[PDB]
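Q: One structure coming up, written as structure tokens, with questions to follow.
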Amino acid sequence: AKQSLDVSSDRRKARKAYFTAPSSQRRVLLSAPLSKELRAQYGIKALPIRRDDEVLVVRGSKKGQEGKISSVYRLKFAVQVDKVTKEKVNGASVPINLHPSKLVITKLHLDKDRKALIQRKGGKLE
Amino acid sequence: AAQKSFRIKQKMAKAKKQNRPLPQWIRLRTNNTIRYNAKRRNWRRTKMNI
Amino acid sequence: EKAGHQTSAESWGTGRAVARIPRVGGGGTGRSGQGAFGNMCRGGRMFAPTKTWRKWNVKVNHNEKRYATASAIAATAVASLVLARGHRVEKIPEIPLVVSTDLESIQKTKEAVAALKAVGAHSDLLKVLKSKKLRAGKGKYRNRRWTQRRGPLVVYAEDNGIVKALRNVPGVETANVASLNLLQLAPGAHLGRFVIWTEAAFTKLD
Amino acid sequence: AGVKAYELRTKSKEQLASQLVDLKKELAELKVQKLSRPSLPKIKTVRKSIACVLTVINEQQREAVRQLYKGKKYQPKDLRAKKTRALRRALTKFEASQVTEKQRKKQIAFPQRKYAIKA
Amino acid sequence: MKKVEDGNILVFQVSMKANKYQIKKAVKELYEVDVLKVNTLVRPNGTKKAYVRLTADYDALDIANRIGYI
Amino acid sequence: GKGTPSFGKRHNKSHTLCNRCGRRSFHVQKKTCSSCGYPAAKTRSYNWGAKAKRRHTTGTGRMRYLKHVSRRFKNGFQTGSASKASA
RNA sequence: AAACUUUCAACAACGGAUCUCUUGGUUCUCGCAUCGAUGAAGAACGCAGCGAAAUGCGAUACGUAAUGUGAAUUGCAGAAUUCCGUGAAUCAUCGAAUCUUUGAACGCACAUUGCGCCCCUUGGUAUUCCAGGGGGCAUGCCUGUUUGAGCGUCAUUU
RNA sequence: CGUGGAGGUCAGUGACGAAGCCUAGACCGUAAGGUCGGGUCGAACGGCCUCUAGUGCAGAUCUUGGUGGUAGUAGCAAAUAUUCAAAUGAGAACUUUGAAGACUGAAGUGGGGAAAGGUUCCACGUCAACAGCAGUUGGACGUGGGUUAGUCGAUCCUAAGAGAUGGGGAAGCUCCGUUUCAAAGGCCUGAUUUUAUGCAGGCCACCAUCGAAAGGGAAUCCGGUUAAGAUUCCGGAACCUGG
RNA sequence: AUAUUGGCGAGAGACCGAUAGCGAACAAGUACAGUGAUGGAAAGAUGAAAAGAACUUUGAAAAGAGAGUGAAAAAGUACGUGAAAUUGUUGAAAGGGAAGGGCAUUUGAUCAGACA
Ligand SMILES: [Mg+2]
Ligand SMILES: [Mg+2]
Ligand SMILES: [Mg+2]
Ligand SMILES: [Mg+2]
Ligand SMILES: [Mg+2]
Ligand SMILES: [Mg+2]
Ligand SMILES: [Mg+2]
Ligand SMILES: [Mg+2]
Ligand SMILES: [Mg+2]
Ligand SMILES: [Mg+2]
Ligand SMILES: [Mg+2]
Ligand SMILES: [Mg+2]
Ligand SMILES: [Mg+2]
Ligand SMILES: [Mg+2]
Ligand SMILES: [Mg+2]
Ligand SMILES: [Mg+2]
Ligand SMILES: [Mg+2]
Ligand SMILES: [Mg+2]
Ligand SMILES: [Mg+2]
Ligand SMILES: [Mg+2]
Ligand SMILES: [Mg+2]
Ligand SMILES: [Mg+2]
Ligand SMILES: [Mg+2]
Ligand SMILES: [Mg+2]
Ligand SMILES: [Mg+2]
Ligand SMILES: [Mg+2]
Ligand SMILES: [Mg+2]
Ligand SMILES: [Mg+2]
Ligand SMILES: [Mg+2]
Ligand SMILES: [Mg+2]
Ligand SMILES: [Mg+2]
Ligand SMILES: [Mg+2]
Ligand SMILES: [Mg+2]
Ligand SMILES: [Mg+2]
Ligand SMILES: [Mg+2]
Ligand SMILES: [Mg+2]
Ligand SMILES: [Mg+2]
Ligand SMILES: [Mg+2]
Ligand SMILES: [Mg+2]
Ligand SMILES: [Mg+2]
Ligand SMILES: [Mg+2]
Ligand SMILES: [Mg+2]
Ligand SMILES: [Mg+2]
Ligand SMILES: [Mg+2]
Ligand SMILES: [Mg+2]
Ligand SMILES: [Mg+2]
Ligand SMILES: [Mg+2]
Ligand SMILES: [Mg+2]
Ligand SMILES: [Mg+2]
Ligand SMILES: [Mg+2]
Ligand SMILES: [Mg+2]
Ligand SMILES: [Mg+2]
Ligand SMILES: [Mg+2]
Ligand SMILES: [Mg+2]
Ligand SMILES: [Mg+2]
Ligand SMILES: [Mg+2]
Ligand SMILES: [Mg+2]
Ligand SMILES: [Mg+2]
Ligand SMILES: [Mg+2]
Ligand SMILES: [Mg+2]
Ligand SMILES: [Mg+2]
Ligand SMILES: [Mg+2]
Ligand SMILES: [Mg+2]
Ligand SMILES: [Mg+2]
Ligand SMILES: [Mg+2]
Ligand SMILES: [Mg+2]
Ligand SMILES: [Mg+2]
Ligand SMILES: [Mg+2]
Ligand SMILES: [Mg+2]
Ligand SMILES: [Mg+2]
Ligand SMILES: [Mg+2]
Ligand SMILES: [Mg+2]
Ligand SMILES: [Mg+2]
Ligand SMILES: [Mg+2]
Ligand SMILES: [Mg+2]
Ligand SMILES: [Mg+2]
Ligand SMILES: [Mg+2]
Ligand SMILES: [Mg+2]
Ligand SMILES: [Mg+2]
Ligand SMILES: [Mg+2]
Ligand SMILES: [Mg+2]
Ligand SMILES: [Mg+2]
Ligand SMILES: [Mg+2]
Ligand SMILES: [Mg+2]
Ligand SMILES: [Mg+2]
Ligand SMILES: [Mg+2]
Ligand SMILES: [Mg+2]
Ligand SMILES: [Mg+2]
Ligand SMILES: [Mg+2]
Ligand SMILES: [Mg+2]
Ligand SMILES: [Mg+2]
Ligand SMILES: [Mg+2]
Ligand SMILES: [Mg+2]
Ligand SMILES: [Mg+2]
Ligand SMILES: [Mg+2]
Ligand SMILES: [Zn+2]
């Protein structure tokens with residue numbers, strides 16, 4: 001149970017700050033858990049997903065499929081993986097939108113700042 | 001009319017500019033909700049009280 | 001309390017083939033002409049608007065309040081009552097159920113669930129948990145979304161961990177003897193709460 | 001692209017005046033283009049750049065004056081703190097800490113003592 | 001464009017805050033041209049239009065597609 | 001004749017635009033605004049006209065300056081600039 | 001006997017009840033004290049590569065500066081040098097700026113983009129006319145500064 | 001008996017289909033009502049003991065919405081009037097062009113303006129709505145273009161009148177007064193040849209200001225030109241004010 | 001210490017659930033009316049995802065018929081469910097100046113239960 005006085009269980013208040021969250025917050029909301037491998041590898045459970053990362057869909061209909069995240073569609077609360085798409089009837093192609101809580105991260109894209117984050121959660125890296 | 005003050009002409013000017021159809025591309029934006037311009041005005045349907 | 005009444009509407013009076021409720025004046029907008037104020041009017045003020053000075057709380061005579069909490073304590077023995085009340089207590093040693101004072105010093109949830117188990121709670125503990133349902137009401141979206149049974153009521157004499165250690169297991173409630181609450185001793189006014197007393201707590205009683 | 005502020009501020013006064021001109025010719029010419037081309041978003045970045053230069057030219061002229069008024073009664077009103085109109089007319093700490101000869105004598109002689117009960 | 005070709009006349013949309021004097025000078029200065037006279041009007045979208053006539057030495061058409069339109 | 005053939009002669013403005021509120025409530029012969037009071041130094045308003053007030057109080061507008069006073073209050077009316085750090 | 005009328009039903013109309021939703025409303029409670037001549041609240045007109053609005057902003061115009069973040073923005077186009085970086089972003093923060101025409105609104109006016117005066121400076125052969133750039137000129141009142149008025153009135157000249 | 005919400009409980013029902021809706025199918029109750037089947041549906045919901053109220057509709061010339069009979073009915077009949085052919089077009093009584101027949105009859109159905117509108121002007125495209133038949137047409141719809149001045153107006157002046165100011169009333173929003181019991185202001189040049197402008201005369205005491213696109217008032221004409229501007233552009237020939 | 005239907009920031013409810021709740025859950029003090037003061041609405045919901053229907057055919061076109069997408073088009077930007085008045089079609093019946101109703105039975109249609 002909540003115990004603080006600056007946290008609220010109000011459902012209306014919650015649903016508002018979800019849907020009206022600014023991009024910067026949507027970055028963190030949109031997180032994916034690392035793969036079982038990478039979790040040992042880095043001593044860390046999850047991460048705000050970031051573009052050129054490598055990922056495995058572990059839930060849903062494209063379950064099993066993998067690829068590179070090609071954009072983070074923050075506006076849409078959605079992530080698009082370069083390799084997982086819809087072929088149409090006019091055989092034109094269209095990104096399927098995936099939810100990072102349904103990916104598993106398989107190869108991080110690393111910056112100084114990325115490594116710096118991993119270290120701030122008190123993780124390790126290879 | 002027909003020999004106006006610059007203030008009235010100005011207003012008339014601004015009103016010309018607002019007197020166009022919804023720009024169709026907006027219809028395509030995510031969550032777009034506007035279907036048409038619902039503030040359109042026609043000179044023989046509603047006078048613009050100056 | 002300004003609602004329904006933010007119009008300058010008049011009656012048109014009779015002679016106009018039309019009812020005598022007040023009506024919104026002016027024109028050009030379709031609101032105008034329409035019934036105003038009346039409780040049977042769309043947009044009207046309601047009949048007898050609710051008011052905050054309605055009496056919300058209620059006084060009970062302190063002594064009678066005791067007569068009740070006392071009564072409710074008395075029925076926490078009396079296994080039939082407890083049994084009849086929800087409360088899975090067929091397979092518990094005896095009633096009142098009194099458990100070692102050492103309980104009050106347990107720091108850690110898992111240790112606490114383990115304890116309660118051992119002394120017989122298990123089947124009641126599973127009755128919460130197996131019973132979480134989505135509230136049927138409109139209540140479900142007024143910060144009351146889920147629903148569920150009541151667990152046992154662990155009563156202690158001194159809190160040395162026990163509250164924080166149980167505070168997160170579904171259904172269970174703790175109480176310091178010195179207090180002891182009617183709302184908890186007889187939930188929904190049905191007598192027979194399954195109480196687990198610590199020794200210290202059981203003795204402070206007298 | 002787009003000019004960067006931190007690189008602008010090293011540039012001399014009369015280099016920024018000239019860039020501002022270059023950028024203006026630039027902008028002028030894009031505008032001639034924009035009416036042939038079916039889109040011209042390059043023009044955005046050039047007029048955001050002019051902003052930047054002006055900002056900086058005004059920036060440095062201000063912190064010039066700001067200092068040759070530093071530490072003296074009376075400095076241009078628009079270098080003075082803004083605060084709030086009221087806040088502005090509130091007494092200064094000095095004017096408020098102010099105390100009567102007679103009062104202070106008393107404050108000294110009998111000040112509020114620290115004390116405690118028990119024994 | 002017809003005024004440019006046939007009239008030795010540059011047409012510019014020009015600042016509202018600006019008069020015949022300021023228009024004339026700014027054309028002179030921004031374009032290395034001599035100006036005969038300047039006629040203005042206010043378009044019905046609230047923008048100033050300047051019919052700028054160059055003197056006989058200059059050729060607005062050249063001068064037109066040297067600033068780069070056509 | 002009091003009806004429509006007299007409506008025919010309705011072509012002269014009693015009010016033009018109010019410079020202060022822009023509302024076509026500037027009584028030409030009276031030279032004052034029936035809505036906002038101009039040129040009276042004070043703005044016209046009345047406690048029997050609440051909807052009227054509500055139609056015009058602060059915050060029905062841009063609040064160009066008042067917008068930011070409570071931010072400025074929150075940060076104790078800081079002067080000077082923000083420093084720097086890392087990553 | 002059709003047609004027609006009426007009743008029931010199935011499918012299909014009309015219409016939008018009902019059920020389930022809720023980034024809204026209402027009411028309670030706690031904490032807090034900050035508008036303006038340093039031009040407020042309010043108005044008008046503008047500003048985007050492609051916008052009529054809503055939101056935002058002011059000719060530096062859906063924004064400039066700074067700071068934190070650490071890679072988007074996205075309807076389409078776009079940049080491409082911005083991704084181990086004084087660095088993406090319709091991000092957050094915000095301490096620095098820009099802030100048209102106005103408004104208590106202040107040179108005079110104002111159903112007018114109407115009409116003066118002063119200073120500095122630039123062009124036209126110009127202290128004097130014209131033009132461009134910048135900077136100024138409301139009212140009551142307080143302290144003070146200077147210039148003054150009155151046989152109100154003191155002394156002092158020869 | 002039935003509704004919305006609340007405490008307890010049945011470890012109640014449910015995406016293997018909750019709720020809702022439909023159904024001259026079934027069953028229980030004297031009745032309020034309750035239960036089931038089938039169809040439709042798509043995310044929630046109920047039994048029991050208690051608690052609670054914005055709790056049960058046929059009416060109120062009730063409120064708001066929706067819908068009928070009336071009825072393919074009243075009607076679409078003032079302003080003399082239309083016709084042949086071609087072109088176009090899916091489509092022509094109605095558009096374009098030609099022909100013909102007429103009308104308004106310069107007190108106009110002509111040619112322009114004021115007030116008011118504000119883009120209706122003009123071109124191109126073009127018929128879903130609108131133009132109470134129609135529509136290929138439009139003052140509609142889409143997309144563009146277009147309003148050029150020293151001399152035309154405004155701007156200046158004063159009219160009825162409005163209205164600041166020293167003031168006088170008024171608790172006060174404000175009311176009175178307009179040269180009124182006010183120390184009300186500015187021109188011409190001289191004195192400068194430290195120098196830019198102090199003093200030297202002499203005057204003049206008029207005391208705001210707004211208020212006319214028909215009153216007063218400095219000055220421009222003809223010819224040509226555009227899809228749409230013209231005493232405004234071009235051509236030529238003038239005139240006024242200031243310097 | 002007291003006040004507070006304003007302002008900034010928070011935590012809540014046996015509260016309302018789109019004709020309710022503030023007038024406004026939406027480009028709502030908007031659109032629209034009025035010379036003016038002022039008056040002042042209607043209007044939320046495809047689906048997980050536009051996958052928003054390629055292609056063929058009839059048509060001047062809008063569309064229709066196919067195909068296709070989808071868990072479902074008995075979800076087609078008229079979009080969740082989709083009642084009622086009222087309507088079209090189909091099927092069955094009845095009808096000599098209204099219709100509907102009560103007790104009762106014939107006739108048609110339709111159906112539960114119980115037999116063993
Ligand atoms: Mg983290
Ligand atoms: Mg999603
Ligand atoms: Mg009309
Ligand atoms: Mg009207
Ligand atoms: Mg009341
Ligand atoms: Mg009637
Ligand atoms: Mg109401
Ligand atoms: Mg319900
Ligand atoms: Mg339940
Ligand atoms: Mg930038
Ligand atoms: Mg100061
Ligand atoms: Mg030539
Ligand atoms: Mg002109
Ligand atoms: Mg009328
Ligand atoms: Mg009048
Ligand atoms: Mg008056
Ligand atoms: Mg004023
Ligand atoms: Mg059917
Ligand atoms: Mg509902
Ligand atoms: Mg939902
Ligand atoms: Mg609330
Ligand atoms: Mg609280
Ligand atoms: Mg106001
Ligand atoms: Mg925007
Ligand atoms: Mg952009
Ligand atoms: Mg940095
Ligand atoms: Mg921002
Ligand atoms: Mg500026
Ligand atoms: Mg003034
Ligand atoms: Mg001015
Ligand atoms: Mg100036
Ligand atoms: Mg003095
Ligand atoms: Mg003196
Ligand atoms: Mg009951
Ligand atoms: Mg109930
Ligand atoms: Mg209720
Ligand atoms: Mg029926
Ligand atoms: Mg049965
Ligand atoms: Mg079924
Ligand atoms: Mg069902
Ligand atoms: Mg659903
Ligand atoms: Mg009850
Ligand atoms: Mg009631
Ligand atoms: Mg009844
Ligand atoms: Mg009824
Ligand atoms: Mg009755
Ligand atoms: Mg009724
Ligand atoms: Mg009706
Ligand atoms: Mg018909
Ligand atoms: Mg007929
Ligand atoms: Mg008739
Ligand atoms: Mg005729
Ligand atoms: Mg005809
Ligand atoms: Mg003909
Ligand atoms: Mg005749
Ligand atoms: Mg005659
Ligand atoms: Mg005619
Ligand atoms: Mg004409
Ligand atoms: Mg008009
Ligand atoms: Mg146009
Ligand atoms: Mg036309
Ligand atoms: Mg048609
Ligand atoms: Mg029409
Ligand atoms: Mg018609
Ligand atoms: Mg038709
Ligand atoms: Mg058009
Ligand atoms: Mg003249
Ligand atoms: Mg003038
Ligand atoms: Mg007066
Ligand atoms: Mg005048
Ligand atoms: Mg005149
Ligand atoms: Mg005249
Ligand atoms: Mg001519
Ligand atoms: Mg032309
Ligand atoms: Mg013409
Ligand atoms: Mg000429
Ligand atoms: Mg001369
Ligand atoms: Mg409050
Ligand atoms: Mg609370
Ligand atoms: Mg409502
Ligand atoms: Mg209700
Ligand atoms: Mg309403
Ligand atoms: Mg909503
Ligand atoms: Mg509407
Ligand atoms: Mg829905
Ligand atoms: Mg709906
Ligand atoms: Mg949706
Ligand atoms: Mg089809
Ligand atoms: Mg399924
Ligand atoms: Mg379905
Ligand atoms: Mg559906
Ligand atoms: Mg479709
Ligand atoms: Mg539907
Ligand atoms: Mg039958
Ligand atoms: Mg019978
Ligand atoms: Zn006003």
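Residue numbering restarts at 1 for every chain of the structure tokens, chains are lettered A, B, ... in their displayed order, and ligands are numbered from 1 as they appear.
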May I have all residues of range 9-125 of chain A that DSSP, computed from the backbone, assigns to strand (DSSP E or B), given as a JSON list (two decimals) with N, CA and C atoms, in the first residue's frame?
A:
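Output file part-v1.json is given in full below:
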[["chain", "number", "residue", "atom", "x", "y", "z"],
["A", 31, "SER", "N", 9.79, 1.32, -21.31],
["A", 31, "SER", "CA", 10.97, 0.59, -20.94],
["A", 31, "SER", "C", 10.78, -0.86, -21.36],
["A", 32, "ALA", "N", 11.86, -1.60, -21.56],
["A", 32, "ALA", "CA", 11.77, -3.02, -21.89],
["A", 32, "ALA", "C", 12.68, -3.77, -20.93],
["A", 33, "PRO", "N", 12.32, -5.01, -20.59],
["A", 33, "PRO", "CA", 13.22, -5.72, -19.69],
["A", 33, "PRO", "C", 14.35, -6.32, -20.51],
["A", 34, "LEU", "N", 15.57, -6.32, -19.98],
["A", 34, "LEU", "CA", 16.65, -6.95, -20.72],
["A", 34, "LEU", "C", 16.40, -8.44, -20.80],
["A", 46, "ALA", "N", 15.94, -3.72, -16.33],
["A", 46, "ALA", "CA", 15.29, -3.10, -17.46],
["A", 46, "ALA", "C", 15.84, -1.73, -17.80],
["A", 47, "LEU", "N", 15.36, -1.18, -18.91],
["A", 47, "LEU", "CA", 15.89, 0.07, -19.43],
["A", 47, "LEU", "C", 14.87, 0.80, -20.34],
["A", 48, "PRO", "N", 14.84, 2.16, -20.28],
["A", 48, "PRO", "CA", 14.08, 2.90, -21.28],
["A", 48, "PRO", "C", 14.60, 2.52, -22.64],
["A", 54, "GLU", "N", 18.54, -3.72, -30.17],
["A", 54, "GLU", "CA", 18.19, -5.02, -30.75],
["A", 54, "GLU", "C", 17.30, -5.78, -29.78],
["A", 55, "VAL", "N", 16.24, -6.40, -30.29],
["A", 55, "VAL", "CA", 15.11, -6.77, -29.45],
["A", 55, "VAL", "C", 14.33, -8.05, -29.90],
["A", 56, "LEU", "N", 13.76, -8.78, -28.95],
["A", 56, "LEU", "CA", 12.96, -9.97, -29.29],
["A", 56, "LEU", "C", 11.52, -9.86, -28.80],
["A", 57, "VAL", "N", 10.55, -9.93, -29.70],
["A", 57, "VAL", "CA", 9.15, -9.85, -29.25],
["A", 57, "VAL", "C", 8.76, -11.11, -28.49],
["A", 66, "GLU", "N", 12.35, -10.97, -34.32],
["A", 66, "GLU", "CA", 13.35, -10.04, -33.78],
["A", 66, "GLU", "C", 13.90, -9.05, -34.78],
["A", 67, "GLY", "N", 14.52, -8.01, -34.26],
["A", 67, "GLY", "CA", 14.99, -6.94, -35.11],
["A", 67, "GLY", "C", 15.52, -5.71, -34.39],
["A", 68, "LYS", "N", 15.81, -4.68, -35.18],
["A", 68, "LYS", "CA", 16.37, -3.44, -34.67],
["A", 68, "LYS", "C", 15.23, -2.46, -34.50],
["A", 69, "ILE", "N", 15.14, -1.80, -33.34],
["A", 69, "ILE", "CA", 14.14, -0.75, -33.22],
["A", 69, "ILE", "C", 14.55, 0.40, -34.14],
["A", 70, "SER", "N", 13.62, 0.80, -34.99],
["A", 70, "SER", "CA", 13.94, 1.79, -36.00],
["A", 70, "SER", "C", 13.35, 3.14, -35.64],
["A", 71, "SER", "N", 12.19, 3.21, -35.00],
["A", 71, "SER", "CA", 11.90, 4.43, -34.22],
["A", 71, "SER", "C", 11.19, 4.17, -32.90],
["A", 72, "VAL", "N", 11.40, 5.06, -31.93],
["A", 72, "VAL", "CA", 10.56, 5.08, -30.75],
["A", 72, "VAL", "C", 9.39, 6.07, -30.98],
["A", 73, "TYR", "N", 8.17, 5.57, -31.16],
["A", 73, "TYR", "CA", 7.08, 6.47, -31.52],
["A", 73, "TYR", "C", 6.43, 7.00, -30.29],
["A", 78, "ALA", "N", 4.51, 3.81, -28.63],
["A", 78, "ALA", "CA", 4.68, 2.60, -29.43],
["A", 78, "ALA", "C", 6.07, 2.50, -30.00],
["A", 79, "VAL", "N", 6.51, 1.29, -30.26],
["A", 79, "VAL", "CA", 7.87, 1.15, -30.77],
["A", 79, "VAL", "C", 7.78, 0.38, -32.06],
["A", 80, "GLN", "N", 8.56, 0.81, -33.04],
["A", 80, "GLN", "CA", 8.55, 0.14, -34.34],
["A", 80, "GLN", "C", 9.85, -0.60, -34.61],
["A", 81, "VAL", "N", 9.75, -1.88, -34.91],
["A", 81, "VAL", "CA", 10.94, -2.63, -35.25],
["A", 81, "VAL", "C", 11.06, -2.88, -36.74],
["A", 82, "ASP", "N", 12.00, -2.16, -37.32],
["A", 82, "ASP", "CA", 12.64, -2.53, -38.59],
["A", 82, "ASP", "C", 12.87, -4.01, -38.82],
["A", 83, "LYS", "N", 11.87, -4.69, -39.40],
["A", 83, "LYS", "CA", 11.86, -6.14, -39.74],
["A", 83, "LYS", "C", 10.51, -6.79, -39.47],
["A", 84, "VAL", "N", 9.74, -6.18, -38.57],
["A", 84, "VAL", "CA", 8.41, -6.66, -38.23],
["A", 84, "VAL", "C", 7.41, -5.64, -38.78],
["A", 85, "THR", "N", 6.70, -6.05, -39.83],
["A", 85, "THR", "CA", 5.76, -5.18, -40.54],
["A", 85, "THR", "C", 4.51, -5.89, -41.06],
["A", 86, "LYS", "N", 3.58, -5.08, -41.54],
["A", 86, "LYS", "CA", 2.39, -5.54, -42.24],
["A", 86, "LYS", "C", 2.56, -5.32, -43.74],
["A", 87, "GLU", "N", 2.50, -6.42, -44.47],
["A", 87, "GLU", "CA", 2.33, -6.39, -45.92],
["A", 87, "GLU", "C", 0.85, -6.15, -46.21],
["A", 93, "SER", "N", 4.07, -1.66, -47.64],
["A", 93, "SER", "CA", 4.42, -2.18, -46.33],
["A", 93, "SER", "C", 4.31, -1.18, -45.21],
["A", 94, "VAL", "N", 3.97, -1.69, -44.05],
["A", 94, "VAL", "CA", 3.62, -0.80, -42.98],
["A", 94, "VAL", "C", 4.04, -1.37, -41.66],
["A", 95, "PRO", "N", 4.72, -0.54, -40.87],
["A", 95, "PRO", "CA", 5.22, -0.86, -39.55],
["A", 95, "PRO", "C", 4.12, -1.34, -38.64],
["A", 96, "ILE", "N", 4.38, -2.39, -37.87],
["A", 96, "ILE", "CA", 3.51, -2.78, -36.78],
["A", 96, "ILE", "C", 4.01, -2.11, -35.54],
["A", 97, "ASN", "N", 3.11, -1.59, -34.71],
["A", 97, "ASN", "CA", 3.52, -0.95, -33.48],
["A", 97, "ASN", "C", 3.52, -1.91, -32.29],
["A", 98, "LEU", "N", 4.66, -1.94, -31.59],
["A", 98, "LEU", "CA", 4.91, -2.91, -30.51],
["A", 98, "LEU", "C", 5.09, -2.20, -29.20],
["A", 103, "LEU", "N", 8.61, -6.42, -25.54],
["A", 103, "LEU", "CA", 9.89, -6.84, -26.06],
["A", 103, "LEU", "C", 10.69, -7.37, -24.93],
["A", 104, "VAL", "N", 11.83, -7.94, -25.34],
["A", 104, "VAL", "CA", 12.97, -8.19, -24.48],
["A", 104, "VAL", "C", 14.16, -7.65, -25.25],
["A", 105, "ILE", "N", 15.00, -6.89, -24.56],
["A", 105, "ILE", "CA", 16.19, -6.29, -25.17],
["A", 105, "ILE", "C", 17.30, -7.30, -25.30],
["A", 106, "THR", "N", 17.81, -7.47, -26.52],
["A", 106, "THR", "CA", 18.84, -8.47, -26.76],
["A", 106, "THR", "C", 20.27, -7.93, -27.05],
["A", 107, "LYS", "N", 20.44, -6.74, -27.64],
["A", 107, "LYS", "CA", 21.74, -6.04, -27.71],
["A", 107, "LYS", "C", 21.60, -4.52, -27.55]]
Q: Residues of chain F no more than 6 Å from chain G, counting only C-alpha atoms (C1' of nucleotides): send them over as a ChimeraX atom specification.
A: /F:20-22,41,58,70,73,78-82
Q: Can you build me a table of chain H residues sitting at most 8 Å from chain B, with the closest atom pair per residue and its distance in Å to one decimal, using only C-alpha atoms (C1' of nucleotides), sorted by chain and residue number, as a Markdown table?
A:
| residue | atom | partner | partner_atom | distance |
| --- | --- | --- | --- | --- |
| H:115 | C1' | B:1 | CA | 7.8 |
| H:116 | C1' | B:1 | CA | 6.4 |
| H:117 | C1' | B:1 | CA | 7.2 |
| H:118 | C1' | B:12 | CA | 6.5 |
| H:119 | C1' | B:16 | CA | 7.8 |
| H:120 | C1' | B:43 | CA | 7.5 |
| H:213 | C1' | B:3 | CA | 7.6 |
Q: Keeping C-alpha atoms (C1' of nucleotides) for every residue in the selection just given, could you write it to a file as a PDB file, in the first residue's frame?
A:
ATOM      1  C1'   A H 115     -25.167  54.814 -46.318  1.00  0.00           C
ATOM      2  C1'   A H 116     -24.497  49.378 -45.753  1.00  0.00           C
ATOM      3  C1'   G H 117     -22.160  44.888 -47.294  1.00  0.00           C
ATOM      4  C1'   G H 118     -16.976  42.976 -47.604  1.00  0.00           C
ATOM      5  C1'   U H 119     -14.456  40.001 -52.138  1.00  0.00           C
ATOM      6  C1'   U H 120     -20.051  39.486 -53.754  1.00  0.00           C
ATOM      7  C1'   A H 213     -16.026  61.476 -47.074  1.00  0.00           C
TER       8        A H 213
END
Q: May I have the residues within 7 Å of ligand 63, computed using only C-alpha atoms (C1' of nucleotides) and all ligand atoms, as a ChimeraX atom specification?
A: /H:130-131,140
Q: Any chance you can output those residues with N, CA and C atoms (P, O5', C5', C4', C3', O3' and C1' of nucleotides) as a PDB file, in the first residue's frame?
A:
ATOM      1  P     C H 130     -30.204  21.023 -51.022  1.00  0.00           P
ATOM      2  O5'   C H 130     -30.121  22.605 -51.176  1.00  0.00           O
ATOM      3  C5'   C H 130     -29.917  23.430 -50.039  1.00  0.00           C
ATOM      4  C4'   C H 130     -29.472  24.803 -50.435  1.00  0.00           C
ATOM      5  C3'   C H 130     -30.208  25.392 -51.613  1.00  0.00           C
ATOM      6  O3'   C H 130     -31.457  25.908 -51.233  1.00  0.00           O
ATOM      7  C1'   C H 130     -27.885  25.778 -51.844  1.00  0.00           C
ATOM      8  P     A H 131     -32.723  25.768 -52.198  1.00  0.00           P
ATOM      9  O5'   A H 131     -32.465  26.844 -53.328  1.00  0.00           O
ATOM     10  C5'   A H 131     -32.366  28.217 -53.027  1.00  0.00           C
ATOM     11  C4'   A H 131     -32.110  28.982 -54.288  1.00  0.00           C
ATOM     12  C3'   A H 131     -32.935  28.556 -55.496  1.00  0.00           C
ATOM     13  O3'   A H 131     -34.196  29.189 -55.499  1.00  0.00           O
ATOM     14  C1'   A H 131     -30.650  28.819 -56.114  1.00  0.00           C
ATOM     15  P     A H 140     -21.140  33.644 -54.395  1.00  0.00           P
ATOM     16  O5'   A H 140     -21.704  32.170 -54.348  1.00  0.00           O
ATOM     17  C5'   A H 140     -22.629  31.794 -53.370  1.00  0.00           C
ATOM     18  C4'   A H 140     -22.876  30.319 -53.418  1.00  0.00           C
ATOM     19  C3'   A H 140     -21.694  29.412 -53.174  1.00  0.00           C
ATOM     20  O3'   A H 140     -21.386  29.309 -51.806  1.00  0.00           O
ATOM     21  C1'   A H 140     -22.974  28.589 -54.961  1.00  0.00           C
TER      22        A H 140
END
Q: Using only C-alpha atoms (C1' of nucleotides) and all ligand atoms, determine which residues fall within 10 Å of ligand 77, then list them as a PyMOL selection string.
A: chain H and resi 240-243
Q: Taking only C-alpha atoms (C1' of nucleotides) and all ligand atoms into account, list the residues no farther than 9 Å from ligand 11, as a PyMOL selection string.
A: (chain D and resi 74-75+77+80-82+88-89) or (chain G and resi 38)
Q: Which chains and residue numbers are within 10 Å of ligand 73, counting only C-alpha atoms (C1' of nucleotides) and all ligand atoms, if I want them as a list in words?
A: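 Those within range of ligand 73 are residues 222, 223, 224, 225, 230 and 231 of chain H.
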